[PDB]
>>> print(open('coords.txt').read())   # compact mmCIF, C-alpha atoms
# COMPACT_ATOMS: atom_id res chain seq x y z
CA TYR A 1 22.75 27.03 -2.48
CA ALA A 2 20.70 23.86 -2.03
CA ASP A 3 18.91 23.04 1.22
CA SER A 4 17.10 19.77 1.87
CA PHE A 5 14.77 18.35 4.52
CA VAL A 6 11.49 16.48 5.06
CA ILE A 7 8.18 17.86 6.35
CA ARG A 8 4.52 16.91 6.66
CA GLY A 9 1.86 17.17 3.98
CA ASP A 10 0.22 20.43 5.01
CA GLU A 11 3.49 22.26 5.64
CA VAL A 12 4.57 22.84 2.04
CA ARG A 13 2.44 25.98 2.19
CA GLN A 14 4.57 27.35 5.03
CA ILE A 15 7.73 27.26 2.87
CA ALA A 16 7.21 30.63 1.19
CA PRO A 17 8.30 34.25 1.71
CA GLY A 18 6.20 36.14 4.22
CA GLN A 19 4.65 33.05 5.80
CA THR A 20 3.56 32.33 9.36
CA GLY A 21 3.06 29.10 11.26
CA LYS A 22 5.30 26.80 13.28
CA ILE A 23 8.07 25.58 10.96
CA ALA A 24 8.22 28.94 9.19
CA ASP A 25 9.17 30.80 12.39
CA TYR A 26 10.88 28.07 14.44
CA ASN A 27 12.75 25.72 12.08
CA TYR A 28 13.23 27.28 8.63
CA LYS A 29 12.76 30.95 7.75
CA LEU A 30 12.77 32.46 4.28
CA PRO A 31 13.91 36.03 3.62
CA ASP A 32 11.17 38.21 2.21
CA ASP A 33 13.15 39.14 -0.92
CA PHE A 34 14.16 35.53 -1.59
CA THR A 35 15.12 34.63 -5.16
CA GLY A 36 15.28 31.03 -6.27
CA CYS A 37 12.93 28.08 -6.36
CA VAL A 38 11.35 25.40 -4.16
CA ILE A 39 10.69 21.76 -5.07
CA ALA A 40 8.64 19.27 -3.07
CA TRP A 41 7.45 15.74 -3.76
CA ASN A 42 5.82 12.82 -1.98
CA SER A 43 7.83 10.05 -0.35
CA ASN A 44 5.19 8.00 1.44
CA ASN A 45 6.50 4.70 0.04
CA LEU A 46 10.05 5.23 1.27
CA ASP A 47 10.02 7.48 4.33
CA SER A 48 6.98 5.89 6.03
CA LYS A 49 6.90 2.64 7.99
CA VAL A 50 3.94 0.59 9.19
CA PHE B 1 0.73 -5.96 -12.29
CA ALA B 2 -2.42 -6.73 -14.23
CA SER B 3 -5.79 -4.98 -14.10
CA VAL B 4 -8.61 -6.27 -11.92
CA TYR B 5 -10.95 -7.33 -14.73
CA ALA B 6 -8.13 -9.58 -16.00
CA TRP B 7 -6.70 -10.57 -12.63
CA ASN B 8 -3.59 -12.70 -12.95
CA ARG B 9 -3.71 -16.25 -11.57
CA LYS B 10 -0.81 -18.60 -10.86
CA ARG B 11 -0.60 -22.11 -9.42
CA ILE B 12 2.36 -23.18 -7.28
CA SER B 13 3.19 -26.75 -6.27
CA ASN B 14 6.19 -28.89 -5.30
CA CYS B 15 7.96 -26.05 -3.53
CA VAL B 16 9.44 -25.24 -0.13
CA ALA B 17 7.79 -22.04 1.07
CA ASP B 18 9.15 -19.79 3.82
CA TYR B 19 6.15 -17.87 5.12
CA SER B 20 8.24 -16.06 7.74
CA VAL B 21 9.64 -13.56 5.23
CA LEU B 22 6.06 -12.58 4.46
CA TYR B 23 4.88 -12.27 8.05
CA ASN B 24 7.95 -10.51 9.46
CA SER B 25 7.95 -7.78 6.80
CA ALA B 26 5.08 -5.74 8.18
CA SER B 27 5.09 -3.21 5.32
CA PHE B 28 1.91 -4.87 4.02
CA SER B 29 -1.04 -2.86 5.30
CA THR B 30 -3.66 -5.62 5.14
CA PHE B 31 -2.62 -9.15 6.14
CA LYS B 32 -5.80 -11.10 6.84
CA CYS B 33 -6.22 -14.87 6.67
CA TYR B 34 -9.60 -16.55 7.05
CA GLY B 35 -9.48 -20.32 7.46
CA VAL B 36 -6.25 -20.61 9.44
CA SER B 37 -4.24 -18.86 12.10
CA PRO B 38 -1.75 -16.58 10.31
CA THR B 39 1.10 -17.34 12.70
CA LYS B 40 0.71 -21.09 12.14
CA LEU B 41 1.34 -21.04 8.39
CA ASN B 42 4.86 -22.48 8.73
CA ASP B 43 3.51 -25.69 10.30
CA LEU B 44 0.98 -27.05 7.78
CA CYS B 45 1.64 -28.87 4.52
CA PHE B 46 -0.40 -28.34 1.36
CA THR B 47 -0.54 -28.69 -2.41
CA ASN B 48 -1.99 -26.72 -5.33
CA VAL B 49 -1.46 -23.22 -3.95
CA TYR B 50 -3.34 -20.51 -5.85
CA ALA B 51 -2.11 -16.91 -6.03
CA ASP B 52 -4.18 -14.17 -7.67
CA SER B 53 -2.67 -10.72 -8.20
CA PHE B 54 -4.12 -7.39 -9.30
CA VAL B 55 -4.35 -3.69 -8.43
CA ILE B 56 -7.42 -1.84 -7.12
CA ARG B 57 -8.37 1.43 -5.47
CA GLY B 58 -7.79 2.03 -1.78
CA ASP B 59 -11.48 2.04 -0.89
CA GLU B 60 -12.37 -1.35 -2.35
CA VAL B 61 -9.95 -3.51 -0.35
CA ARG B 62 -12.84 -4.00 2.06
CA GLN B 63 -14.84 -5.59 -0.78
CA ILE B 64 -12.29 -8.44 -1.02
CA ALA B 65 -13.95 -10.65 1.58
CA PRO B 66 -16.30 -13.65 1.52
CA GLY B 67 -19.95 -12.68 1.40
CA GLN B 68 -19.31 -9.13 0.21
CA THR B 69 -21.43 -6.96 -2.06
CA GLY B 70 -20.75 -3.83 -4.07
CA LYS B 71 -19.49 -3.05 -7.57
CA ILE B 72 -16.19 -4.89 -7.95
CA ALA B 73 -17.07 -8.05 -6.02
CA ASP B 74 -20.11 -8.86 -8.17
CA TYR B 75 -18.71 -7.76 -11.53
CA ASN B 76 -14.96 -8.34 -11.44
CA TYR B 77 -13.93 -10.74 -8.66
CA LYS B 78 -16.30 -12.85 -6.57
CA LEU B 79 -15.12 -14.93 -3.66
CA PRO B 80 -16.74 -18.20 -2.58
CA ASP B 81 -18.55 -18.03 0.73
CA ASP B 82 -16.59 -20.99 2.15
CA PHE B 83 -13.26 -19.63 0.91
CA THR B 84 -10.15 -20.53 2.90
CA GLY B 85 -6.84 -18.77 2.56
CA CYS B 86 -5.41 -15.31 3.09
CA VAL B 87 -5.43 -11.85 1.52
CA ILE B 88 -2.53 -9.39 1.28
CA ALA B 89 -2.82 -5.73 0.31
CA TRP B 90 -0.28 -2.93 0.40
CA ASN B 91 0.27 0.57 -0.92
CA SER B 92 1.69 1.18 -4.39
CA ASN B 93 1.42 4.95 -4.76
CA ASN B 94 5.07 5.55 -5.67
CA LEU B 95 5.29 3.69 -8.97
CA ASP B 96 1.71 2.95 -9.97
CA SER B 97 0.63 6.61 -9.81
CA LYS B 98 1.84 9.33 -12.17
CA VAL B 99 1.64 13.10 -11.85
>>> encode(input="coords.txt", output="structure tokens")
Amino acid sequence: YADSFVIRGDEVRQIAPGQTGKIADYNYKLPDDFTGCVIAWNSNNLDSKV
Amino acid sequence: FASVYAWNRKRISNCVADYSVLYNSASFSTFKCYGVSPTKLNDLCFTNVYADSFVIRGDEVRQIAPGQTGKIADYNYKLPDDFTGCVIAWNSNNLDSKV
């Protein structure tokens, strides 16, 4: 399974098992026994507009 | 792009320049002209246009201004006090920075 989205800078910490915040408990929730991997990278050039 | 201590310089003449495509595309963070009104650039006729290109840190864009002091202005690139023209600066984090 591959899931994709876009978040803010500080929110990459919230994408982890046993996490609390706003996105973690309202938009995307990870099971505690999750197995797999998570990849994140910057896209300020492309996804940001003046 | 070239480094600041060897800033690249080009001269352009005998050309028909469309300055609209520069002004409309607002992706440039800093768009500051000094001697002229930026919106009027498509109405004046010139010769011997000079374009200097380089890459610098984010902090030092404020040092690219007439009558400025610091470390890069007085060692690498000094502007004349009576300079006339314009300065363009925009972000290049995607390709010019590596993990």
>>> residues_around(input="coords.txt", residues="residue 87 of chain B", least_positions_apart="5", cutoff="12 Å", atoms="all atoms listed in the file", output="VMD selection string")
chain B and resid 22 28 to 36 38 50 to 54 61 to 66 79
>>> write_last_selection(input="coords.txt", atoms="C-alpha atoms", output="short mmCIF file (atom, residue, chain, number, x, y, z; two decimals), in the coordinates of the input")
data_model
loop_
_atom_site.label_atom_id
_atom_site.label_comp_id
_atom_site.auth_asym_id
_atom_site.auth_seq_id
_atom_site.Cartn_x
_atom_site.Cartn_y
_atom_site.Cartn_z
CA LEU B 22 6.06 -12.58 4.46
CA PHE B 28 1.91 -4.87 4.02
CA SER B 29 -1.04 -2.86 5.30
CA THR B 30 -3.66 -5.62 5.14
CA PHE B 31 -2.62 -9.15 6.14
CA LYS B 32 -5.80 -11.10 6.84
CA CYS B 33 -6.22 -14.87 6.67
CA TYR B 34 -9.60 -16.55 7.05
CA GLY B 35 -9.48 -20.32 7.46
CA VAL B 36 -6.25 -20.61 9.44
CA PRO B 38 -1.75 -16.58 10.31
CA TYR B 50 -3.34 -20.51 -5.85
CA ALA B 51 -2.11 -16.91 -6.03
CA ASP B 52 -4.18 -14.17 -7.67
CA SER B 53 -2.67 -10.72 -8.20
CA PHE B 54 -4.12 -7.39 -9.30
CA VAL B 61 -9.95 -3.51 -0.35
CA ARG B 62 -12.84 -4.00 2.06
CA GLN B 63 -14.84 -5.59 -0.78
CA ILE B 64 -12.29 -8.44 -1.02
CA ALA B 65 -13.95 -10.65 1.58
CA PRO B 66 -16.30 -13.65 1.52
CA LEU B 79 -15.12 -14.93 -3.66
#
>>> atom_distance(input="coords.txt", atom1="atom CA of residue 89 of chain B", atom2="atom CA of residue 46 of chain A")
16.9 Å
>>> interface_residues(input="coords.txt", of="chain A", to="chain B", cutoff="10 Å", atoms="all atoms listed in the file", output="VMD selection string")
chain A and resid 42 to 46 48 to 50
>>> atom_distance(input="coords.txt", atom1="atom CA of residue 5 of chain A", atom2="atom CA of residue 36 of chain A")
16.7 Å
>>> atom_distance(input="coords.txt", atom1="atom CA of residue 82 of chain B", atom2="atom CA of residue 37 of chain B")
16.0 Å
>>> residues_around(input="coords.txt", residues="residue 14 of chain A", least_positions_apart="3", cutoff="10 Å", atoms="all atoms listed in the file", output="list in words")
residues 10, 11, 17, 18, 19, 20, 21, 22, 23, 24, 25, 28, 29 and 30 of chain A
>>> decode(input="coords.txt", residues="chain B", atoms="C-alpha atoms", output="compact mmCIF listing (two decimals), in the first residue's frame")
# COMPACT_ATOMS: atom_id res chain seq x y z
CA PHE B 1 25.01 29.81 -12.48
CA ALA B 2 28.41 31.17 -11.52
CA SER B 3 29.78 31.97 -8.08
CA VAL B 4 29.64 35.48 -6.66
CA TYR B 5 33.38 36.16 -6.66
CA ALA B 6 33.33 35.46 -10.42
CA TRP B 7 29.92 36.93 -11.18
CA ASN B 8 28.91 36.45 -14.79
CA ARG B 9 28.38 39.54 -16.93
CA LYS B 10 26.65 39.81 -20.30
CA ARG B 11 25.90 42.73 -22.62
CA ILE B 12 22.73 42.81 -24.73
CA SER B 13 22.03 45.20 -27.59
CA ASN B 14 19.99 45.39 -30.80
CA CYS B 15 17.12 43.35 -29.41
CA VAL B 16 13.37 43.61 -28.89
CA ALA B 17 12.72 42.98 -25.20
CA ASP B 18 9.34 42.03 -23.73
CA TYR B 19 9.51 43.08 -20.08
CA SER B 20 5.93 41.94 -19.42
CA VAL B 21 6.91 38.27 -19.15
CA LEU B 22 9.27 39.27 -16.36
CA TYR B 23 6.83 41.46 -14.45
CA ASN B 24 3.75 39.23 -14.77
CA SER B 25 5.54 36.12 -13.47
CA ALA B 26 5.57 37.05 -9.80
CA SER B 27 7.55 33.98 -8.70
CA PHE B 28 10.57 36.26 -8.22
CA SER B 29 10.71 37.20 -4.55
CA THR B 30 12.66 40.46 -4.93
CA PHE B 31 11.84 42.71 -7.90
CA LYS B 32 13.23 46.16 -7.11
CA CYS B 33 14.19 48.84 -9.63
CA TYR B 34 15.92 52.05 -8.59
CA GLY B 35 16.11 54.71 -11.30
CA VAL B 36 12.81 54.02 -13.06
CA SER B 37 9.25 52.99 -12.38
CA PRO B 38 9.09 49.19 -12.78
CA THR B 39 5.72 49.24 -14.52
CA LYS B 40 7.00 51.70 -17.15
CA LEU B 41 9.80 49.50 -18.48
CA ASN B 42 7.90 48.63 -21.68
CA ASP B 43 7.81 52.29 -22.74
CA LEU B 44 11.46 53.42 -22.77
CA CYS B 45 14.14 52.70 -25.36
CA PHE B 46 17.76 51.98 -24.48
CA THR B 47 21.05 50.47 -25.63
CA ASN B 48 23.93 48.57 -24.03
CA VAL B 49 21.94 46.59 -21.47
CA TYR B 50 24.08 44.94 -18.79
CA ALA B 51 23.01 41.75 -17.00
CA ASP B 52 25.03 40.30 -14.12
CA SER B 53 24.13 36.89 -12.71
CA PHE B 54 25.27 34.95 -9.65
CA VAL B 55 24.07 33.03 -6.59
CA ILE B 56 24.28 34.16 -2.96
CA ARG B 57 22.87 33.31 0.46
CA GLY B 58 19.39 34.36 1.47
CA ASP B 59 20.56 36.87 4.06
CA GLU B 60 22.79 38.94 1.79
CA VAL B 61 20.20 39.98 -0.81
CA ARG B 62 19.78 43.10 1.30
CA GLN B 63 23.44 43.93 0.68
CA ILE B 64 22.77 44.27 -3.07
CA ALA B 65 21.82 47.94 -2.95
CA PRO B 66 23.58 51.25 -3.65
CA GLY B 67 25.43 52.61 -0.65
CA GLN B 68 25.52 49.30 1.21
CA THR B 69 28.18 47.96 3.56
CA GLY B 70 29.01 44.52 4.87
CA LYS B 71 31.15 41.60 3.74
CA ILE B 72 30.05 40.77 0.20
CA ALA B 73 29.40 44.31 -1.03
CA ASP B 74 32.91 45.54 -0.24
CA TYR B 75 34.82 42.40 -1.21
CA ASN B 76 32.88 40.70 -3.99
CA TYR B 77 30.40 43.05 -5.67
CA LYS B 78 30.22 46.82 -5.16
CA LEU B 79 27.50 48.94 -6.67
CA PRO B 80 27.97 52.57 -7.74
CA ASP B 81 26.11 55.07 -5.60
CA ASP B 82 24.38 56.62 -8.63
CA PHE B 83 23.46 53.23 -10.09
CA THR B 84 20.32 53.02 -12.20
CA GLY B 85 18.59 49.80 -13.12
CA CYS B 86 16.84 46.94 -11.39
CA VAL B 87 17.62 43.88 -9.26
CA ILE B 88 15.90 40.48 -9.39
CA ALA B 89 16.28 37.73 -6.80
CA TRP B 90 14.43 34.47 -6.35
CA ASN B 91 14.68 31.18 -4.50
CA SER B 92 16.75 28.29 -5.86
CA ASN B 93 16.60 25.75 -3.04
CA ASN B 94 15.36 22.84 -5.16
CA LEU B 95 18.30 22.36 -7.51
CA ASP B 96 21.13 24.41 -6.03
CA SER B 97 20.97 22.65 -2.64
CA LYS B 98 21.88 19.01 -2.04
CA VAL B 99 21.11 16.77 0.91
